[PDB]
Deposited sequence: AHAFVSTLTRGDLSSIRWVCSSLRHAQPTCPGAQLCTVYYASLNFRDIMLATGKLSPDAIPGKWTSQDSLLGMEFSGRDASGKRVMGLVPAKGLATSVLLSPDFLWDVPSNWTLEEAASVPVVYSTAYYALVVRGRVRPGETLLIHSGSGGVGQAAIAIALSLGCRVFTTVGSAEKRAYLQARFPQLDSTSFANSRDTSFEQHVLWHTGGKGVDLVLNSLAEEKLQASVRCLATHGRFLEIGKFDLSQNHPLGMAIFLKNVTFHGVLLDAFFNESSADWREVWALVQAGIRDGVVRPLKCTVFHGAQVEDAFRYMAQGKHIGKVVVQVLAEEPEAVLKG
């Protein structure tokens, strides 16, 4: 067994593979999977650079545990291709996890790209459907549309018949989204020319019903101004109060999946089912992947941290075998 860990806490240059046989659990509640690809998420960057303490992550961890890695694709003990969510420790040669957090990988998918799906789509479905309760014909404002969760949210929003507005960091990102999502038109892109004025003008002065991730971009105040009454804010936890909030009867939803691995495990399969149905119906599409050899894991992190990429940064722990 081997996992990725920073030698000295907070130093990304000290990152390396620590090597060392984990037993197969008999009980149906736990399962040992072989990791082929492990995706990087922003939290992994926060942990490795020391901006985030592992003591902050919920669960039962020891002082020697490395929590790097939140999602993977690979094979179960029987050799079936799977992808899954893990509370931590995804960046390893094998993962021990509950089968409740596994999905089968569609035959037309590569293992490589399947690794990009679990976190962003589980997060987007939980936020929009379970928490946001999106309804057809409602309007959404998705900040950072080309970002991982943004892309998932756009795909889900459009599938449920919702009208989508988004903000993006660049023309390239705008161009990418327009091509990936032909249902979008030029009016969908709110920050190409302020975004709140744009939204108001294309919502009959009424504003949008839901806003996703305004805090990450520091666009909350502006977002309230183009929010409809009884609007809902959806904000995914990132480890880094005007009167309008009350007059408009605004609701704020703080969102993270960590609880589903713990005290909220009884409510997880609702989210699991949403992802599964989305896969079946073609809504859930793998993101674009930039792949690094596991031996270049440090390079993957530094590349990820720059945040200039589109899609997912994936680490190849074990190359998928030829068919």
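Q: Which parts of the deposited sequence lack C-alpha coordinates in this model? Number from residue 1, please.
A: Those stretches are 1, 22-23, 197-198, 246-251, 335-339, listed in order.
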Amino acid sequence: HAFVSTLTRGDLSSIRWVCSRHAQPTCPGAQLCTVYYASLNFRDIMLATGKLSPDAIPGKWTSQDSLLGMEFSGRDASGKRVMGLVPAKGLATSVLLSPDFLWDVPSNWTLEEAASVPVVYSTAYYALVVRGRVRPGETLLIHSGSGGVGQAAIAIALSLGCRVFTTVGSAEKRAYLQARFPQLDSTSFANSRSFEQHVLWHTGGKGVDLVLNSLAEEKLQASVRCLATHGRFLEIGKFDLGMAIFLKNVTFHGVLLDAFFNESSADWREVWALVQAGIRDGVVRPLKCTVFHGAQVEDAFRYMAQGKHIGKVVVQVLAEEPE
From here on, numbers count along this sequence of modelled residues.
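Q: Read off the CA B-factors in the entry, average them over 140-148 and over 180-188, and name the higher stretch.
A: Mean CA B-factor is higher for 180-188.
Q: Would 4-12 or 313-321 have the larger average of its C-alpha temperature factors, as given in the entry?
A: According to the entry, 4-12 carries the higher average C-alpha B-factor.
Q: Can you pull the Cα B-factors for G231, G74, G237, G161 from the entry and say which is highest?
A: Answer, based on the entry's C-alpha B-factors: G161.
Q: Have a look at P106, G169, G205, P87 and flag the one whose Cα has the highest B-factor in the entry.
A: That would be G169, according to the entry.
Q: Could you tell me which third, lowest, middle or highest, the C-alpha B-factor of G254 occupies within its chain?
A: Middle third - that is where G254 ends up once the chain's C-alpha B-factors are sorted.
Q: Please place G278 in the lowest, middle or highest third of its chain according to the CA B-factor in the PDB entry.
A: Its C-alpha B-factor, which the entry lists for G278, ranks in the lowest third among residues of this chain.
Q: Select lowest, middle or highest to describe the third in which the CA B-factor of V120 falls within its chain in this entry.
A: Within its chain, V120 is a lowest-third residue by C-alpha B-factor, going by the deposited values.
Q: Ordered by C-alpha B-factor within the chain, which third holds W272? Give me lowest, middle or highest, please.
A: Middle third of the chain for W272's C-alpha B-factor.
Q: Grab the CA temperature factor for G242 from the record and place it in the lowest, middle or highest third of its chain.
A: Ranked within chain, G242 CA B lands in the highest tercile.
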